[PDB]
Structure formats: C-alpha cells, structure tokens
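> One file is attached below, coords.pdb, containing PDB, C-alpha atoms (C1' of nucleotides).
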```pdb
ATOM      1  CA  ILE A  12       9.356   9.843 -21.644
ATOM      2  CA  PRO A  13       9.107   7.513 -18.597
ATOM      3  CA  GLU A  14       9.837   3.882 -19.394
ATOM      4  CA  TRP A  15       6.833   2.686 -17.398
ATOM      5  CA  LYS A  16       4.470   4.712 -19.572
ATOM      6  CA  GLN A  17       6.061   3.026 -22.586
ATOM      7  CA  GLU A  18       5.820  -0.451 -21.084
ATOM      8  CA  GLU A  19       2.217   0.266 -20.122
ATOM      9  CA  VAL A  20       1.115   1.024 -23.676
ATOM     10  CA  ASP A  21       2.740  -2.203 -24.862
ATOM     11  CA  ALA A  22       0.898  -4.119 -22.151
ATOM     12  CA  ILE A  23      -2.378  -2.444 -23.120
ATOM     13  CA  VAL A  24      -1.831  -2.945 -26.848
ATOM     14  CA  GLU A  25      -1.176  -6.567 -25.916
ATOM     15  CA  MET A  26      -4.600  -7.040 -24.305
ATOM     16  CA  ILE A  27      -6.498  -5.077 -26.961
ATOM     17  CA  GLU A  28      -4.699  -7.182 -29.554
ATOM     18  CA  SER A  29      -6.221 -10.380 -28.144
ATOM     19  CA  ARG A  63      -4.759   6.278 -17.667
ATOM     20  CA  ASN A  64      -7.104   7.475 -20.400
ATOM     21  CA  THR A  65      -4.179   8.994 -22.295
ATOM     22  CA  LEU A  66      -2.394   5.646 -22.259
ATOM     23  CA  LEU A  67      -5.511   3.786 -23.411
ATOM     24  CA  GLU A  68      -6.130   6.270 -26.226
ATOM     25  CA  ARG A  69      -2.439   5.833 -27.009
ATOM     26  CA  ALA A  70      -2.738   2.041 -27.277
ATOM     27  CA  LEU A  71      -5.951   2.333 -29.262
ATOM     28  CA  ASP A  72      -4.349   4.809 -31.652
ATOM     29  CA  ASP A  73      -1.848   2.028 -32.325
TER      30      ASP A  73
ATOM     31  CA  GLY B  71     -15.670 -18.613   7.274
ATOM     32  CA  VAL B  72     -12.984 -21.310   7.272
ATOM     33  CA  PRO B  73     -10.574 -20.895  10.234
ATOM     34  CA  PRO B  74      -7.423 -18.694   9.968
ATOM     35  CA  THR B  75      -4.074 -19.660   8.427
ATOM     36  CA  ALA B  76      -1.770 -19.222  11.435
ATOM     37  CA  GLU B  77      -3.603 -22.140  13.037
ATOM     38  CA  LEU B  78      -4.086 -24.470  10.056
ATOM     39  CA  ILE B  79      -0.280 -24.460   9.988
ATOM     40  CA  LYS B  80       0.344 -25.184  13.675
ATOM     41  CA  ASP B  81      -1.682 -28.366  13.152
ATOM     42  CA  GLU B  82       0.100 -30.170  10.319
ATOM     43  CA  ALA B  83       3.312 -28.551  11.554
ATOM     44  CA  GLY B  84       3.142 -30.439  14.833
ATOM     45  CA  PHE B  85       4.051 -27.404  16.935
ATOM     46  CA  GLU B  86       2.141 -24.705  18.833
ATOM     47  CA  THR B  87       4.154 -21.468  18.921
ATOM     48  CA  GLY B  88       6.375 -19.912  16.272
ATOM     49  CA  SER B  89       9.920 -18.619  16.755
ATOM     50  CA  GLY B  90      11.114 -15.426  18.428
ATOM     51  CA  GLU B  91      12.630 -14.639  15.031
ATOM     52  CA  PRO B  92      11.142 -15.953  11.720
ATOM     53  CA  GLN B  93      13.187 -17.549   8.925
ATOM     54  CA  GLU B  94      16.010 -17.147  11.444
ATOM     55  CA  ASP B  95      14.519 -19.815  13.699
ATOM     56  CA  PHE B  96      12.872 -22.671  11.814
ATOM     57  CA  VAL B  97      10.160 -24.027  14.106
ATOM     58  CA  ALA B  98       8.815 -26.580  11.622
ATOM     59  CA  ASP B  99       8.637 -27.766   8.003
ATOM     60  CA  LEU B 100       5.885 -28.339   5.442
ATOM     61  CA  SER B 101       5.881 -30.554   2.367
ATOM     62  CA  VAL B 102       4.594 -28.868  -0.777
ATOM     63  CA  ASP B 103       1.612 -31.230  -0.750
ATOM     64  CA  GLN B 104       0.737 -30.173   2.806
ATOM     65  CA  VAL B 105       0.480 -26.597   1.545
ATOM     66  CA  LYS B 106      -1.551 -27.845  -1.429
ATOM     67  CA  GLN B 107      -4.202 -28.957   1.067
ATOM     68  CA  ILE B 108      -4.250 -25.828   3.231
ATOM     69  CA  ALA B 109      -4.626 -23.754   0.067
ATOM     70  CA  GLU B 110      -7.774 -25.814  -0.509
ATOM     71  CA  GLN B 111      -9.270 -25.147   2.922
ATOM     72  CA  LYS B 112      -9.131 -21.387   2.275
ATOM     73  CA  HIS B 113     -10.406 -21.401  -1.308
ATOM     74  CA  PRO B 114     -13.021 -18.768  -0.333
ATOM     75  CA  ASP B 115     -10.882 -16.612   1.985
ATOM     76  CA  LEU B 116      -8.445 -15.924  -0.872
ATOM     77  CA  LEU B 117      -8.669 -13.769  -4.011
ATOM     78  CA  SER B 118      -6.481 -15.938  -6.264
ATOM     79  CA  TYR B 119      -7.943 -17.810  -9.254
ATOM     80  CA  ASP B 120      -5.464 -20.674  -9.614
ATOM     81  CA  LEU B 121      -4.374 -22.913  -6.751
ATOM     82  CA  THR B 122      -0.816 -21.845  -7.588
ATOM     83  CA  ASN B 123      -1.339 -18.280  -6.377
ATOM     84  CA  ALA B 124      -3.440 -19.331  -3.371
ATOM     85  CA  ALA B 125      -0.304 -21.064  -2.110
ATOM     86  CA  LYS B 126       1.966 -18.005  -2.351
ATOM     87  CA  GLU B 127      -0.451 -16.336   0.075
ATOM     88  CA  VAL B 128      -0.395 -19.274   2.487
ATOM     89  CA  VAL B 129       3.285 -19.990   1.833
ATOM     90  CA  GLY B 130       3.846 -16.379   2.837
ATOM     91  CA  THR B 131       2.990 -16.779   6.515
ATOM     92  CA  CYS B 132       5.272 -19.785   6.937
ATOM     93  CA  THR B 133       8.875 -18.721   6.224
ATOM     94  CA  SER B 134       7.797 -15.702   8.286
ATOM     95  CA  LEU B 135       7.565 -17.933  11.368
ATOM     96  CA  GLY B 136      10.240 -20.548  10.798
ATOM     97  CA  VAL B 137       8.109 -22.898   8.727
ATOM     98  CA  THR B 138      10.490 -24.241   6.075
ATOM     99  CA  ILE B 139       9.388 -26.361   3.110
ATOM    100  CA  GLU B 140      10.586 -29.524   1.353
TER     101      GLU B 140
ATOM    102  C1'   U C   1      10.249  43.235  -3.786
ATOM    103  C1'   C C   2      13.546  43.301  -8.118
ATOM    104  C1'   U C   3      17.403  40.737 -11.061
ATOM    105  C1'   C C   4      20.702  36.514 -12.481
ATOM    106  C1'   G C   5      22.157  31.215 -12.505
ATOM    107  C1'   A C   6      21.930  25.649 -11.646
ATOM    108  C1'   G C   7      19.236  20.687 -10.975
ATOM    109  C1'   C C   8      14.787  18.029 -11.623
ATOM    110  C1'   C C   9       9.347  17.325 -13.228
ATOM    111  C1'   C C  10       5.675  18.418 -17.284
ATOM    112  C1'   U C  11       0.156  18.281 -22.889
ATOM    113  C1'   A C  12       2.212  10.168 -22.588
ATOM    114  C1'   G C  13      -1.132  16.249 -18.317
ATOM    115  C1'   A C  14       3.361  18.305 -14.258
ATOM    116  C1'   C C  15       2.278  21.467  -9.031
ATOM    117  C1'   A C  16      -1.998  22.420  -6.012
ATOM    118  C1'   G C  17      -7.225  21.733  -5.330
ATOM    119  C1'   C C  18     -11.722  18.873  -5.611
ATOM    120  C1'   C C  19     -14.272  13.904  -6.522
ATOM    121  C1'   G C  20     -13.831   8.471  -6.587
ATOM    122  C1'   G C  21     -10.805   4.138  -4.963
ATOM    123  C1'   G C  22      -7.736   3.123  -0.893
ATOM    124  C1'   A C  23      -9.011  -3.891  -1.272
ATOM    125  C1'   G C  24      -8.131  -9.744   0.524
ATOM    126  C1'   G C  25      -4.791 -13.846   3.151
ATOM    127  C1'   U C  26      -4.753 -11.478   8.304
ATOM    128  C1'   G C  27      -7.237  -9.196  13.903
ATOM    129  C1'   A C  28       0.995 -10.805  10.769
ATOM    130  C1'   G C  29       4.228 -13.972  14.584
ATOM    131  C1'   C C  30       5.775 -13.078  19.255
ATOM    132  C1'   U C  31       4.561 -10.858  24.095
ATOM    133  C1'   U C  32      -0.113 -10.871  26.663
ATOM    134  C1'   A C  33      -6.190 -11.983  30.062
ATOM    135  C1'   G C  34      -6.066  -8.606  25.558
ATOM    136  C1'   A C  35      -3.186  -5.557  21.691
ATOM    137  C1'   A C  36      -6.147  -6.293  15.944
ATOM    138  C1'   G C  37      -0.750  -0.202  11.390
ATOM    139  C1'   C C  38       0.219   2.457  15.391
ATOM    140  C1'   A C  39       2.814  -0.653  24.208
ATOM    141  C1'   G C  40       7.090  -3.623  23.079
ATOM    142  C1'   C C  41      10.223  -7.523  20.227
ATOM    143  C1'   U C  42      10.933  -9.714  15.330
ATOM    144  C1'   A C  43       9.800 -10.202  10.660
ATOM    145  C1'   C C  44       8.040  -6.708   6.972
ATOM    146  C1'   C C  45       6.359 -11.548   3.045
ATOM    147  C1'   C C  46       1.876 -12.425  -1.869
ATOM    148  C1'   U C  47      -3.093 -12.238  -4.041
ATOM    149  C1'   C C  48      -6.295  -9.183  -6.894
ATOM    150  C1'   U C  49      -4.939  -4.883  -9.677
ATOM    151  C1'   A C  50      -5.344   1.158 -12.342
ATOM    152  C1'   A C  51      -3.876   1.537  -7.021
ATOM    153  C1'   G C  52      -3.628   0.225  -1.853
ATOM    154  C1'   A C  53       2.318  -0.197   4.194
ATOM    155  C1'   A C  54       3.262  -6.866   8.051
ATOM    156  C1'   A C  55       1.139   1.014   8.007
ATOM    157  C1'   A C  56       3.380   7.788   8.197
ATOM    158  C1'   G C  57       0.049  10.812  11.798
ATOM    159  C1'   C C  58      -4.348  11.365  15.211
ATOM    160  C1'   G C  59      -7.776   8.435  17.439
ATOM    161  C1'   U C  60      -9.583   3.689  21.040
ATOM    162  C1'   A C  61      -9.785   0.375  27.550
ATOM    163  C1'   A C  62      -8.779  -2.743  23.186
ATOM    164  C1'   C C  63     -11.991  -2.301  18.423
ATOM    165  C1'   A C  64     -14.303   1.545  15.715
ATOM    166  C1'   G C  65     -13.443   5.836  13.241
ATOM    167  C1'   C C  66     -10.494   9.933  10.491
ATOM    168  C1'   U C  67      -6.799  10.718   7.253
ATOM    169  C1'   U C  68      -0.995   9.905   4.539
ATOM    170  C1'   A C  69       0.965   7.176   1.456
ATOM    171  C1'   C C  70      -0.175   4.656  -3.228
ATOM    172  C1'   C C  71      -4.169   4.646  -8.257
ATOM    173  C1'   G C  72      -7.821   6.633 -11.338
ATOM    174  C1'   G C  73     -10.943  11.218 -12.867
ATOM    175  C1'   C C  74     -12.047  16.468 -13.414
ATOM    176  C1'   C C  75      -8.794  20.633 -14.618
ATOM    177  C1'   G C  76      -5.035  22.671 -18.070
ATOM    178  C1'   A C  77       0.561  25.204 -18.142
ATOM    179  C1'   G C  78       4.087  25.903 -16.110
ATOM    180  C1'   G C  79       5.765  23.729 -11.608
ATOM    181  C1'   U C  80       9.615  22.408  -7.927
ATOM    182  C1'   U C  81      14.280  22.362  -5.545
TER     183        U C  81
END
```
Output the file's structure in the form of structure tokens.

Amino acid sequence: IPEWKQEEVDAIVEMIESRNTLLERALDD
Amino acid sequence: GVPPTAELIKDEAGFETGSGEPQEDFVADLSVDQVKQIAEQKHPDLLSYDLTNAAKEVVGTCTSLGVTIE
RNA sequence: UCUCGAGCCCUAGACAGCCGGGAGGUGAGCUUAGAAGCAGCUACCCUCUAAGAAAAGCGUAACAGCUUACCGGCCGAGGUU
C-alpha cells in the first residue's frame, strides 16, 4: 500500500480531471 | 551554440578563477538581475520553459564556486 | 537434502529474465598543456520527467564506447533476508 502509489493516482486523477496499473486506477476513478 | 555558463559568470563576476572550496569561499557575487540576463543568453541550451527555472540551472553553478547573490 | 521459526517485499504485479529509455545546463570548479563519472582536491547543486549519479564497475593517451544504478513494458505468483 505504498504512499507514493497513492499520491501518484491523485496526481494522475488531477491531470485527467483537467505505470499502466496506476493509470487504469486513476481512470477507474 | 551560445558559450558555456562557467565563463558567462566569470565575466559579470569580475574574476577569473573560482575558489578551492565552493560556497565555503565566496569568490564573487551576482545580483538577481545579472542572472536574469545570463538565463537569457542560454535560452536554447536549457530545457526549462519559464525563465524562472532557467535560472535555477544557472544559479546552480554559482554557489558551487563561491558566487553569492544579492 | 529434510524439518521448524523470525523480518521484509508482492496481483496498486513482487524476485529473476528479456525489450525500450537511461536525457539537458555541463566536457561541474579546481589542478593541468590536457583530464571531459571514473589521476587528484572540493563541491555533489536544478531542468525536463515515467526515469536518469557533479557517476558504482570496465574501458580511453585524453575522448569514444560498454554496462550499474534509476523508469517504463512484456510476464504472472510467490519472492527475499
């Protein structure tokens, strides 16, 4: 449950809002 | 293209050689404006987008030679 | 080779392998005719970024070149101490 993987998703979800697994993760959100 | 940093500093700095030990031995100083000009001479040699960042790169070789700022 | 225990990592993809990336300021400053990761001394900073040392090991007369770190992909289940 690394914190950096959590912070990453938030950073990705932040760009979409305006690793493949992490992208899919952000997208799924 | 444009000449290297190490030199562009030794010009407006008024000195030729650095210090045996950087940040420990301040050889010269540099007003913020002075660095605002150098950052302009190397607009192509740097990756940065804003002039702000371009400085950090330039302003990185200074304190590492004894080139304080004001 | 068998058996038992402890710590840590892992399907948000671990360990290994293979493929791709390993970038700019800048060949840091000093020393030096020259030294550019890698003779030595000192410092060891910031851009772009998913990464990428002021460079860990070879290599060079010095470059070059070959790789490590680091990141991404393929793969898919335990792995490591």
> When you get a sec, could you note down which chain A residues fall within 12 Å of chain C, using all atoms listed in the file, as a PyMOL selection string?
chain A and resi 12-20+23+63-70
> Taking all atoms listed in the file into account, name the residue in C:67, C:47, C:32, C:80 that is nearest to chain B.
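Of the candidates, the smallest distance to chain B is held by C:47.
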> Pull out every residue of chain B that has at least one atom within 10 Å of chain C, counting only C-alpha atoms (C1' of nucleotides), and report them as an MDAnalysis selection string.
chainID B and resid 74:76 87:94 112 115:119 123:136
> Of the candidates C:63, C:9, C:70, C:55, which shows the shortest atom-to-atom distance to residue 21 in chain C, using all atoms listed in the file?
C:70
> Here's the selection I'm unsure about, the PyMOL selection byres ((chain B and resi 79) around 9); applied to the file above, which residues does it give, as a list in words?
residues 75, 76, 77, 78, 80, 81, 82, 83, 84, 85, 100, 105, 108, 132 and 137 of chain B
